[PDB]
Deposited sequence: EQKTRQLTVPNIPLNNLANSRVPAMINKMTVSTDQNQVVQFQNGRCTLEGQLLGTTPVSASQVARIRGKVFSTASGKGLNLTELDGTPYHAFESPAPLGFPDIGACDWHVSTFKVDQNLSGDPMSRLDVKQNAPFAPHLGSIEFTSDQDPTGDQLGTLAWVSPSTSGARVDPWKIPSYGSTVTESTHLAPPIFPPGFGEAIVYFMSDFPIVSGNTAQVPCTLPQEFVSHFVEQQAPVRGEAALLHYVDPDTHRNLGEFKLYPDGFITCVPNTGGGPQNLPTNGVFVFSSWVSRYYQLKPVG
């Protein structure tokens, strides 16, 4: 097993198209998340809506439809092939920033003149049910046909709400089975989930993810056998080659540390490289960072 020999600041967020600019732990270290993107086991099994490439992250493709009530997209995978609702919550790469309005900038796939972009404004209201294969939108432009695009920004669902990018959508319409990647639980003994943060335009400031996207593709690519209960990593300064801290990478595909009281990995340099050290017991006792 290896992890990417790439400094953290050259790694991409797995939940928005952006670069990671820092690590942190959640304010409440007992907080449980259930992100659907950035999810992959160490053996290379993609979970939830997680795609392989950073350029599949938080993107949408579909064919425009129009009814008496308004317009929407009948969803496909990002390559235009049929969406696998039977096994995933939404097309691979579909955004997972819950409980907010989305603004998605799309273009028509077969394109002679004029502004080609449409901004699709999507609400996560009662009828938002991407697992069933469609979403509705409003737009100040006139999108038609096969539209492909990327999440541009997010905003509050209602005037005066806030956006909490730590939430995920409700993919179903009702008891509807949506095939969610399971929750990630802080594993105990003072360990905290490490969140990789990126700047992103959130109107009412950073989006967390649990694996850098290149870690995901690395695991898919290697299909490495898991030879222990956890993988001990060192976070190494690439210029001085000093070990800046110990981290644990778990088979289910997330990373923890023991944050120093009043601190944590948010106080570490953001240009370090994670390096696999050894397979260890689930209860390997980390030095605080």
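- Gaps without C-alpha coordinates occur at 1-6, 118, 182, 213-215, 301, with positions taken along the deposited sequence from 1.
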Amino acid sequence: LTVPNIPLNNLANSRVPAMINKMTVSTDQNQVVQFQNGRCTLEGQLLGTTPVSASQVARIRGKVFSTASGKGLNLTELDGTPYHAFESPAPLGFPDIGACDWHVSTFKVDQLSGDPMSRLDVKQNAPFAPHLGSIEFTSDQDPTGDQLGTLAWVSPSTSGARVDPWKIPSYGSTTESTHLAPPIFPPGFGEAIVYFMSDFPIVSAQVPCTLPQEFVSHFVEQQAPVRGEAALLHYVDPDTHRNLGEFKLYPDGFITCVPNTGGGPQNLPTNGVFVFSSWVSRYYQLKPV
From here on, numbers count along this sequence of modelled residues.
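Under this definition, the rigid core comprises the largest set of C-alpha atoms superposing within 1.5 Å between the forms.
- Structural divergence in 5 other deposited structures of this protein between 92-100 and 127-135: following superposition by the core, 127-135 has C-alpha atoms lying farther from the shown form.
- In a rigid core superposition of the other structures in 5 other deposited structures of this protein, 235-243 and 251-259 differ in how far their CA atoms stray, and the farther one is 235-243.
- Modelled in this chain, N74 is likewise built in all the other compared entries whose models extend past it on both sides, so a third of them omitting it does not occur.
- Of the other compared PDB entries of this protein that include residues on both sides, all give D146 atoms, none of them, and so not a third, leaving it without.
- As the entry records it, the average C-alpha temperature factor is higher for 259-267, out of 31-39 and 259-267.
- As listed in the deposited structure, the average C-alpha B-factor of 207-215 and of 80-88 is greater for 80-88.
- Ranking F196, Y171, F189, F200 by the C-alpha B-factor listed in the PDB entry places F189 at the top.
- Each of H131, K123, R162, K167 has a CA temperature factor in the record; the biggest one is found at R162.
- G253: CA B factor lies in the middle third for its chain, per the PDB record.
- Among all modelled residues in its chain, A99 ranks in the middle third by Cα B-factor.
- Sort the modelled residues of the chain by CA B factor and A58 lands in the lowest third.
- For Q45, the recorded CA temperature factor ranks within the middle third of the chain's modelled residues.
- Placement of the Cα temperature factor of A181 within the chain: middle third of the modelled residues, per the deposited record.
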